[PDB]
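Visitor: One file is attached below, input.csv, containing CSV, C-alpha atoms.
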```csv
chain,number,residue,atom,x,y,z
Z,3,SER,CA,0.0,0.0,0.0
Z,4,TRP,CA,0.8,3.7,0.1
Z,5,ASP,CA,0.1,6.8,2.1
Z,6,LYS,CA,-3.5,8.1,1.5
Z,7,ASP,CA,-2.5,11.7,2.2
Z,8,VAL,CA,0.1,12.1,-0.5
Z,9,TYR,CA,-2.2,10.1,-2.9
Z,10,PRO,CA,-5.7,11.1,-1.7
Z,11,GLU,CA,-9.0,9.5,-2.7
Z,12,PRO,CA,-12.5,10.6,-1.8
Z,13,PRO,CA,-14.7,8.0,-0.2
Z,14,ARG,CA,-16.3,5.6,-2.6
Z,15,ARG,CA,-20.1,5.6,-2.8
Z,16,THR,CA,-21.3,2.8,-4.8
Z,17,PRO,CA,-25.1,2.4,-5.2
Z,18,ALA,CA,-26.9,-0.7,-4.0
Z,19,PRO,CA,-28.1,-3.1,-6.8
Z,20,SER,CA,-31.7,-2.3,-7.5
Z,21,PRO,CA,-32.8,-4.8,-10.2
Z,22,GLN,CA,-36.0,-3.8,-12.0
Z,23,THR,CA,-36.1,-6.7,-14.5
Z,24,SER,CA,-36.6,-10.4,-13.9
Z,25,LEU,CA,-33.8,-11.4,-16.2
Z,26,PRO,CA,-30.6,-12.4,-14.3
Z,27,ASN,CA,-27.6,-10.4,-15.4
Z,28,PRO,CA,-24.6,-12.4,-16.4
Z,29,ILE,CA,-22.3,-10.1,-14.5
Z,30,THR,CA,-23.2,-11.5,-11.1
Z,31,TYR,CA,-22.7,-15.1,-12.3
Z,32,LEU,CA,-19.4,-14.1,-13.9
Z,33,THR,CA,-18.4,-12.3,-10.7
Z,34,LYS,CA,-19.1,-15.5,-8.7
Z,35,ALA,CA,-17.2,-17.5,-11.2
Z,36,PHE,CA,-14.3,-15.1,-11.0
Z,37,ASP,CA,-14.4,-15.3,-7.2
Z,38,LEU,CA,-14.4,-19.1,-7.2
Z,39,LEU,CA,-12.2,-20.1,-10.2
Z,40,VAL,CA,-9.7,-17.2,-10.2
Z,41,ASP,CA,-9.6,-15.1,-7.0
Z,42,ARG,CA,-9.4,-18.0,-4.5
Z,43,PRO,CA,-6.5,-19.9,-6.2
Z,44,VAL,CA,-4.6,-16.6,-6.6
Z,45,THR,CA,-5.3,-15.8,-2.9
Z,46,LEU,CA,-4.1,-19.2,-1.8
Z,47,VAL,CA,-0.9,-18.9,-3.9
Z,48,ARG,CA,-0.2,-15.4,-2.4
Z,49,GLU,CA,-0.9,-16.7,1.1
Z,50,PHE,CA,1.7,-19.4,0.5
Z,51,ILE,CA,4.3,-16.9,-0.8
Z,52,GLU,CA,3.5,-14.5,2.1
Z,53,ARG,CA,4.1,-17.3,4.6
Z,54,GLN,CA,7.4,-17.9,2.9
Z,55,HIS,CA,8.2,-14.2,3.2
Z,56,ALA,CA,7.3,-14.2,6.9
Z,57,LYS,CA,9.7,-17.0,7.5
Z,58,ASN,CA,12.6,-14.7,6.7
Z,59,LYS,CA,11.9,-11.0,7.3
Z,60,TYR,CA,14.5,-8.4,6.5
Z,61,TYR,CA,14.5,-4.7,5.9
Z,62,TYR,CA,15.6,-1.9,3.6
Z,63,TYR,CA,15.9,1.8,4.4
Z,64,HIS,CA,15.1,5.1,2.8
Z,65,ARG,CA,18.4,7.0,2.6
Z,66,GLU,CA,18.5,10.2,4.6
Z,67,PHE,CA,20.8,12.9,3.3
Z,68,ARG,CA,21.6,15.6,5.8
Z,69,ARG,CA,21.6,19.2,4.7
Z,70,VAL,CA,25.0,20.5,3.6
Z,71,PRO,CA,25.6,24.2,3.0
Z,72,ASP,CA,24.1,25.4,-0.3
Z,73,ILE,CA,25.7,27.4,-3.1
Z,74,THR,CA,25.1,30.8,-1.6
Z,75,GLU,CA,27.4,30.2,1.3
Z,76,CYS,CA,30.2,28.5,-0.7
Z,77,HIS,CA,33.2,30.7,-1.6
Z,78,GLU,CA,33.7,31.3,-5.3
Z,79,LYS,CA,35.8,28.5,-7.0
Z,80,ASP,CA,35.9,26.5,-3.7
Z,81,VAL,CA,35.2,23.1,-5.3
Z,82,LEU,CA,35.0,21.1,-2.0
Z,83,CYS,CA,32.1,23.2,-0.6
Z,84,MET,CA,30.4,23.9,-3.9
Z,85,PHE,CA,30.7,20.2,-5.0
Z,86,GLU,CA,28.5,19.3,-2.0
Z,87,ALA,CA,26.2,22.2,-2.6
Z,88,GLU,CA,25.9,21.1,-6.3
Z,89,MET,CA,25.1,17.5,-5.2
Z,90,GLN,CA,22.5,18.8,-2.8
Z,91,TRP,CA,21.0,20.9,-5.5
Z,92,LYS,CA,20.8,18.0,-7.9
Z,93,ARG,CA,19.1,15.8,-5.4
Z,94,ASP,CA,16.6,18.6,-4.5
Z,95,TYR,CA,15.9,19.1,-8.3
Z,96,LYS,CA,15.3,15.4,-8.8
Z,97,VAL,CA,12.9,15.4,-5.8
Z,98,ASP,CA,11.1,18.5,-7.1
Z,99,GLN,CA,10.7,16.7,-10.4
Z,100,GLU,CA,9.0,13.8,-8.5
Z,101,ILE,CA,6.8,16.3,-6.5
Z,102,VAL,CA,5.5,17.6,-9.9
Z,103,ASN,CA,5.0,14.0,-10.9
Z,104,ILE,CA,2.9,13.3,-7.8
Z,105,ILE,CA,0.7,16.3,-8.3
Z,106,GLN,CA,0.2,15.4,-12.0
Z,107,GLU,CA,-0.8,11.9,-10.9
Z,108,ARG,CA,-3.4,13.4,-8.6
Z,109,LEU,CA,-4.7,15.6,-11.4
Z,110,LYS,CA,-5.1,12.7,-13.8
Z,111,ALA,CA,-6.6,10.4,-11.2
Z,112,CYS,CA,-9.2,13.1,-10.4
Z,113,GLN,CA,-10.0,13.6,-14.1
Z,114,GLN,CA,-10.7,9.8,-14.5
Z,115,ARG,CA,-12.4,9.4,-11.2
Z,116,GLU,CA,-14.8,12.3,-11.3
Z,117,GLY,CA,-15.7,11.4,-14.9
Z,118,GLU,CA,-18.1,13.6,-16.8
Z,119,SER,CA,-18.3,16.2,-14.0
Z,120,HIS,CA,-14.5,16.4,-13.8
Z,121,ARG,CA,-14.3,20.1,-14.6
Z,122,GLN,CA,-16.1,21.3,-11.5
Z,123,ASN,CA,-15.0,18.6,-9.1
Z,124,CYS,CA,-11.2,18.8,-9.8
Z,125,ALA,CA,-10.6,22.5,-9.2
Z,126,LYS,CA,-8.5,21.9,-6.1
Z,127,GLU,CA,-6.1,19.5,-7.9
Z,128,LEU,CA,-6.0,21.9,-10.8
Z,129,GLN,CA,-5.1,24.7,-8.5
Z,130,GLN,CA,-2.4,22.7,-6.7
Z,131,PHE,CA,-1.1,21.7,-10.2
Z,132,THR,CA,-0.9,25.3,-11.3
Z,133,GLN,CA,0.9,26.4,-8.1
Z,134,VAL,CA,3.5,23.6,-8.2
Z,135,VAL,CA,4.1,24.1,-11.9
Z,136,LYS,CA,4.6,27.8,-11.4
Z,137,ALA,CA,7.0,27.1,-8.6
Z,138,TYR,CA,8.9,24.5,-10.6
Z,139,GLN,CA,9.1,26.8,-13.6
Z,140,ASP,CA,10.4,29.8,-11.6
Z,141,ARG,CA,12.9,27.5,-10.0
Z,142,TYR,CA,14.3,25.4,-12.9
Z,143,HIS,CA,13.1,26.4,-16.3
Z,144,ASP,CA,15.4,27.7,-19.0
Z,145,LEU,CA,18.6,26.6,-17.2
Z,146,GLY,CA,19.8,24.5,-20.1
Z,147,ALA,CA,21.4,21.1,-20.4
Z,148,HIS,CA,24.4,22.3,-18.4
Z,149,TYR,CA,22.3,23.4,-15.4
Z,150,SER,CA,23.9,23.9,-12.0
Z,151,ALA,CA,23.2,25.5,-8.6
Z,152,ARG,CA,25.1,28.6,-10.0
Z,153,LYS,CA,22.7,28.9,-13.0
Z,154,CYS,CA,19.7,28.5,-10.7
Z,155,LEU,CA,21.1,31.1,-8.3
Z,156,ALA,CA,21.7,33.5,-11.1
Z,157,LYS,CA,18.2,33.0,-12.4
Z,158,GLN,CA,16.8,33.6,-8.9
Z,159,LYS,CA,18.8,36.7,-8.4
Z,160,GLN,CA,17.6,38.0,-11.8
Z,161,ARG,CA,14.0,37.3,-10.8
Z,162,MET,CA,14.5,39.0,-7.4
Z,163,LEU,CA,16.0,42.1,-9.1
Z,164,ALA,CA,13.0,42.2,-11.4
Z,165,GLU,CA,10.6,41.8,-8.4
Z,166,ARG,CA,12.5,44.5,-6.4
Z,167,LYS,CA,12.4,46.9,-9.3
Z,168,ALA,CA,8.7,46.3,-9.8
Z,169,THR,CA,8.0,46.9,-6.1
Z,170,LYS,CA,10.1,50.1,-6.2
Z,171,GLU,CA,8.4,51.5,-9.3
Z,172,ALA,CA,4.9,50.8,-7.8
Z,173,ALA,CA,5.6,52.9,-4.7
W,81,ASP,CA,31.0,1.2,-4.9
W,82,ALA,CA,29.0,2.8,-2.1
W,83,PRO,CA,27.8,6.3,-2.7
W,84,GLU,CA,29.8,7.4,0.3
W,85,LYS,CA,33.0,6.0,-1.2
W,86,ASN,CA,32.4,7.6,-4.7
W,87,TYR,CA,31.4,10.9,-3.0
W,88,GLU,CA,34.5,11.2,-0.8
W,89,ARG,CA,36.8,9.9,-3.5
W,90,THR,CA,35.4,12.6,-5.8
W,91,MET,CA,36.2,15.2,-3.1
W,92,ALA,CA,39.8,13.9,-2.9
W,93,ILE,CA,40.1,14.1,-6.7
W,94,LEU,CA,38.6,17.6,-6.7
W,95,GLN,CA,41.0,18.8,-4.0
W,96,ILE,CA,44.1,17.4,-5.8
W,97,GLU,CA,43.1,18.8,-9.2
W,98,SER,CA,42.1,22.3,-7.8
W,99,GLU,CA,45.5,22.5,-6.0
W,100,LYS,CA,47.3,21.5,-9.2
W,101,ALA,CA,45.3,24.2,-11.1
W,102,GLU,CA,46.2,26.9,-8.5
W,103,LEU,CA,49.8,25.9,-8.7
W,104,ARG,CA,49.8,26.2,-12.5
W,105,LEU,CA,48.3,29.7,-12.3
W,106,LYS,CA,50.9,30.7,-9.7
W,107,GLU,CA,53.6,29.2,-11.9
W,108,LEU,CA,52.5,31.3,-14.8
W,109,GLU,CA,52.5,34.4,-12.7
W,110,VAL,CA,55.9,33.6,-11.2
W,111,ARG,CA,57.4,33.1,-14.7
W,112,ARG,CA,56.0,36.4,-15.8
W,113,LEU,CA,57.4,38.3,-12.9
W,114,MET,CA,60.8,36.7,-13.0
W,115,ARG,CA,61.2,37.3,-16.8
W,116,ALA,CA,60.1,40.9,-16.3
W,117,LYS,CA,62.2,41.8,-13.3
W,118,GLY,CA,65.2,39.3,-13.5
W,119,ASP,CA,65.4,39.2,-9.7
W,120,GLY,CA,64.6,35.5,-9.2
W,121,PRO,CA,66.5,32.3,-9.7
W,122,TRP,CA,65.1,31.8,-13.2
W,123,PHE,CA,65.9,33.8,-16.4
W,124,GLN,CA,69.4,34.4,-15.0
W,125,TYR,CA,71.4,35.0,-18.1
W,126,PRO,CA,75.2,35.0,-17.7
W,127,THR,CA,77.3,38.1,-17.1
W,128,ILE,CA,81.1,38.1,-16.9
W,129,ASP,CA,82.7,36.5,-13.8
W,130,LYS,CA,84.5,39.2,-11.9
W,131,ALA,CA,87.0,36.6,-10.7
W,132,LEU,CA,88.7,36.9,-14.1
W,133,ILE,CA,89.8,40.5,-13.4
W,134,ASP,CA,93.5,41.0,-12.7
W,135,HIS,CA,93.9,43.4,-9.7
W,136,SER,CA,97.7,43.5,-9.8
W,137,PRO,CA,99.6,46.8,-10.3
W,138,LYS,CA,100.0,47.2,-14.0
W,139,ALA,CA,102.8,48.7,-16.1
W,140,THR,CA,101.2,52.1,-16.1
W,141,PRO,CA,99.6,53.7,-13.0
W,142,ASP,CA,96.3,55.1,-14.4
W,143,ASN,CA,94.1,52.1,-14.5
```
Represent the structure from my file as structure tokens, please.
Guide:
Amino acid sequence: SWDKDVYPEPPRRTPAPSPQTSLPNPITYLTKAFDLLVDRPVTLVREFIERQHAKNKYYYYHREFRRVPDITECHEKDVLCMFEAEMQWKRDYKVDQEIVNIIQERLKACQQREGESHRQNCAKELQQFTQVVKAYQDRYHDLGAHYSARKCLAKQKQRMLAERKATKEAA
Amino acid sequence: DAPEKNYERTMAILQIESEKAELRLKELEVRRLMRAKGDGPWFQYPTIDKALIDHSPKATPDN
């Protein structure tokens, strides 16, 4: 399974079967045949394999990188500090890429799930998508194939000079 | 290799190569200054050895 907060789903409301006709639908008989002939042997094989897993339990770990100093507090041409800052920046860029991927998965799952009323019922996922794509674009777009933390810092300083000039001229 | 090993090996490589680069830049600047001024151990082109001079009293006095 997964975490139901990073991948949220609304509660499922299925309607009760209310048959109006006297004809038996084939879907219930095929569902019973799928439960007997397919689902129970698959379940028994998986219970066997799960017992064999439980006989020898062992663990793996999610690697925790501590925060090293970033590129702003590295002296110029100091490769030992700015190497670590560059590696930290590359890891954070890869993680931001996967954050955008998570929010896109939420948007697409909402569009399939809400169906024909998807446009009204997926405004929150669309708004989160717009915010995270604006943040990703301000942070990483137009850096080029030879991106670094220096290119990203120069882009941020250009954007902050533009924002400071726009704040100054509007006051 | 572990990522720790490659990471710290990369740091050792970067330190060695940055030190070599700084020494090459200092070597260029040292060569420029010693060729310009002539006061270092390099670019010492020969002059006449003063130990070849005879300092004896000569045949005439005014010398």
Visitor: Select residues of chain Z: the criterion is any atom within 9 Å of an atom of chain W, counting only C-alpha atoms; output as a ChimeraX atom specification.
Guide: /Z:79-82,85-86
Visitor: Could you check how far CA of residue 39 (chain Z) sits from CA of residue 51 (chain Z), in Å to one decimal?
Guide: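 Result for CA of residue 39 (chain Z) versus CA of residue 51 (chain Z): 19.3 Å, one decimal.
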Visitor: What lies within 12 Å of residue 90 (chain Z) using only C-alpha atoms, ignoring chain neighbours under 4 positions off, as a ChimeraX atom specification?
Guide: /Z:67-73,83-86,94-97,150-151 /W:87
Visitor: Which polymer residues have any atom within 9 Å of an atom of residue 8 (chain Z), counting all atoms listed in the file, with same-chain residues fewer than 5 positions away left out, as a ChimeraX atom specification?
Guide: /Z:104-105,108
Visitor: To one decimal in Å, tell me the separation between CA of residue 109 (chain Z) and CA of residue 124 (chain Z).
Guide: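 Separation of CA of residue 109 (chain Z) and CA of residue 124 (chain Z): 7.4 Å.
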Visitor: Closest to residue 98 (chain Z) among Z:132, Z:114, Z:160, Z:139, using only C-alpha atoms?
Guide: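 Of Z:132, Z:114, Z:160, Z:139, the one nearest residue 98 (chain Z), counting only C-alpha atoms, is Z:139.
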Visitor: Which polymer residues have any atom within 12 Å of an atom of region 145-147 of chain Z, counting only C-alpha atoms, with same-chain residues fewer than 6 positions away left out, as number ranges by chain?
Guide: Z: 95, 138-139, 153-158
Visitor: What gap, in Å, lies between CA of residue 32 (chain Z) and CA of residue 19 (chain Z)?
Guide: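 CA of residue 32 (chain Z) sits 15.7 Å away from CA of residue 19 (chain Z).
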Visitor: When you count all atoms listed in the file, which of these residues is closest to residue 75 (chain Z): Z:162, Z:10, Z:56, Z:88?
Guide: Z:88
Visitor: Put a box with edges along x, y and z around all the listed atoms of region 21-27 of chain Z, pad it by 5 Å on each side, then give me its centre and sizes in Å, one decimal, as AutoDock Vina command-line options.
Guide:
```
--center_x -32.1 --center_y -8.1 --center_z -13.2 --size_x 19.0 --size_y 18.6 --size_z 16.0
```
